[PDB]
Amino acid sequence: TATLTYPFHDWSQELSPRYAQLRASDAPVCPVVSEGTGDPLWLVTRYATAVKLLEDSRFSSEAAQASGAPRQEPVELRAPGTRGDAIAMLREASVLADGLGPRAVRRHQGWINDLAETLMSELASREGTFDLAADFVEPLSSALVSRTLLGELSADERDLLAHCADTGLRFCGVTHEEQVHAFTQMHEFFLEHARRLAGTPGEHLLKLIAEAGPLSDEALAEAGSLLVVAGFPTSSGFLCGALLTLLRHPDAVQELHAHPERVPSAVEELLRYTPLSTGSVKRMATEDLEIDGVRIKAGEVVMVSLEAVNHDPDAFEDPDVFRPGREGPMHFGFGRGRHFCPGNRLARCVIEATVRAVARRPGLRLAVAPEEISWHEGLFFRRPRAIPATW
Ligand code: HEM
């Protein structure tokens, strides 16, 4: 139909040209229809409009996540018959941001940098082609989720939760039943194992959540699923994407090799330039309102594509250039406003460790052309199947 269907199927790092086309249109908000549900939705692609929306207290994230809300995802991102409201459950009993804040980074940054170095040093001993996805990103992200979020996981437990996240957080490529089963299996996993994981010694967020009426098993289980959904496919997808960006810009890496104090600025530029989500963050209007002149009715859902906003030329001169010394406005890689990613400091810590491990070792290169990289089709959070690299 003559209403655009969403999303735009841009599963690789090449962003769909439709985002820029909509950005340049005469509407600051454009109506679309969900490909998976047929729901009508609105879509924002301009930085200036996105700022207004994500800072507007009349636009509710929680309302957009409730059952029956119009939505872009093919299945509800919850186990059927459960609330799927982990953040509000944690309020009814701040711990999220509390245990991921600057103190937590100061605790974990040491081993995070140790591990990035250990992994890269092992790759420095390899012959021919090695896979940065399997043998760098996977072990680093697995350690992050175990040590900081869930507690020590077995290899099979890590594999189960990563598979559940890959299967449920998809626009296509799996059946409806497989997607529900992923969320069901994750929730049933935490109903049985959250108490044990929380009770093991360590710093992990799930322990902090549990050890602070009493906290029900269902609430602790919802917290587990939230940490997997929010922390696992995002960290793995972004670290993969950031490595690809670095490998495609050797002049930038040579700059960071000579001047390591420039790494933090390059981390911020990676968060702006490297696309992650193939969908959009979403908010529901809780009352009739206007945003930039467009009238939105109560109950309607407006989406913001963070990738589109991060590539807006009204905000970033030459937005499609990876410019590590860039001094633009704040990017949207972590969102904006009330729901700004509480994992942002930990994520920045692991991205910085990755950038430093690459910059210290001149000669790392992609083994094939970027267009030969294969991508998992339909993931919410883009990720290549492998990153073949050589010295
Ligand atoms: C590179 C890694 C990551 C990226 C790019 C990222 C990105 C984001 C973004 C864009 C949002 C905003 C969603 C919205 O506005 O609706 C968000 C929210 C959130 N993030 Fe992250 N994230 C990452 C890693 C993590 C990690 C490691 C955690 C660990 C706890 C985490 C926990 C959360 C939570 C709980 C929320 C929801 C906050 C709320 O709705 O109030 N994220 N993240």
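Chemist: I keep staring at the site of the ligand and nothing clicks. Help me out?
Modeler: Close contacts around the ligand come from 22 residues, with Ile87, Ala230, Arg283, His339 and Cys341 the closest. The contact in question runs from a nitrogen atom of the ligand to an N or O atom on the backbone of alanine 230, over 3.3 Å. Here an oxygen atom of the ligand sits 2.8 Å away from a polar atom, N or O, in the side chain of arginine 283. Sorting the residues of the shell around the ligand by element identifies α11 (217-248) and β6 (281-285) as the ones contributing at least two each. Take the shell around the ligand: its biggest share by element is six residues, from α11.

Chemist: Even after reading the chapter, I still don't get the sheet that holds strand β1 (residues 4-6), so can you show me in this structure?
Modeler: Note: strands within a sheet are paired through backbone hydrogen bonds, in either parallel or antiparallel orientation. Reading across the sheet, the six strands line up as β1-β2-β3-β9-β6-β4 and stay open at both edges, with mixed pairing between neighbours. Two strands bound the open sheet, and with one partner strand each, they are β1 and β4 (59-60). As paired elements, β6 and strand β9 (residues 301-304) share four bridges and run antiparallel to each other. Paired with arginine 283 across the two strands is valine 302, which belongs to β9. Its contacts with the sheet put helix α2 (residues 47-54) on β3 (40-44), β4, β6 and β9, and the angle it makes with β9 is roughly 130 degrees.

Chemist: I keep staring at the side chain of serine 305 and nothing clicks. Help me out?
Modeler: With respect to the helices and strands, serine 305 occurs in the loop between β9 and α14 (306-310). The class of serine 305 is buried, set by a relative accessible area of 1%. If we ignore the near neighbours within four places in the chain, the residues touching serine 305 are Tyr19, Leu43, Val44, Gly279 and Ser280.

Chemist: Could you clarify how one ought to interpret the coordination of the iron atom of the ligand in this entry?
Modeler: Only one protein atom coordinates the iron atom of the ligand: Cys341 (SG), located 2.3 Å from the metal. You can see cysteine 341 is positioned in the loop between α14 and α15 (344-359).

Chemist: I keep staring at the sheet that holds strand β10 (residues 365-366) and nothing clicks. Help me out?
Modeler: Pairing in this open sheet of three strands is antiparallel, and the strands run β5-β11-β10 from one edge to the other. In this open sheet, the two edge strands, each paired with only one partner strand, are β5 (130-131) and β10. Examined bridge by bridge, β5 and strand β11 (residues 388-390) share two bridges and lie antiparallel to one another. Each bridged residue has a counterpart across the sheet, and for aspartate 131 the counterpart in β11 is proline 388.

Chemist: Looking at this structure, I do not really get the pattern of salt bridges. What am I missing?
Modeler: Side chains that differ in charge, positive against negative, can pair when their charged atoms come close. Following the criterion strictly, the structure yields 23 salt bridges and no others. Residue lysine 207 pairs with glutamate 211 through a salt bridge whose shortest N-O separation is 3.1 Å. Given a relative accessible area of 55%, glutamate 211 falls into the exposed group. Across the pair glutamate 377 and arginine 385 runs a salt bridge, and its minimum N-O distance is 2.8 Å. Among the residues examined, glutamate 377 registers a relative accessible area of 37% and is labelled partly exposed. Note on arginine 385: relative accessible area 40%, which makes it partly exposed. If you follow the salt bridges from partner to partner, you end up with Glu117, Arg360 and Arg361 in one network.

Chemist: I would appreciate a short explanation of the environment of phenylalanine 380 in the present structure.
Modeler: Among the structural elements, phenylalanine 380 can be located in the loop between β10 and β11. Residue classification places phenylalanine 380 among the buried positions, given a relative accessible area of 7%. Taking C-alpha positions, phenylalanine 380 is 21 Å from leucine 346, a pair spaced 34 residues apart along the chain. Residue contacts for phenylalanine 380: discarding those within four places in its chain leaves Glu73, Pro74, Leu77, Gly168, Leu169, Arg170, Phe171, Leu276, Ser277, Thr278 and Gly279.

About the thresholds
- Residues numbered from 1 in each chain as written, not as in the entry; some residues may be left out.
- Heavy atoms only, no water.
- Near = heavy atom within 4 Å.
- Polar contact = N/O pair within 3.5 Å; in protein donor to acceptor, adjacent residues only side chain to side chain.
- Helix = DSSP H or I, 4+ residues; strand = E, 2+ residues; numbered from the N terminus.
- Pairing = 2+ DSSP bridges.
- Contact = heavy atoms within 4.5 Å.
- Axes fitted to C-alpha atoms, helices over the stretch in contact; angles between N-to-C directions.
- Buried < 20%, exposed > 50% of the residue type's maximum accessible area, 1.4 Å probe, protein only.
- Donors = N, O, S within 2.8 Å, 3.2 Å for Na, K, Ca; no water.
- Salt bridge = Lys/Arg side-chain N within 4 Å of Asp/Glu carboxyl O.

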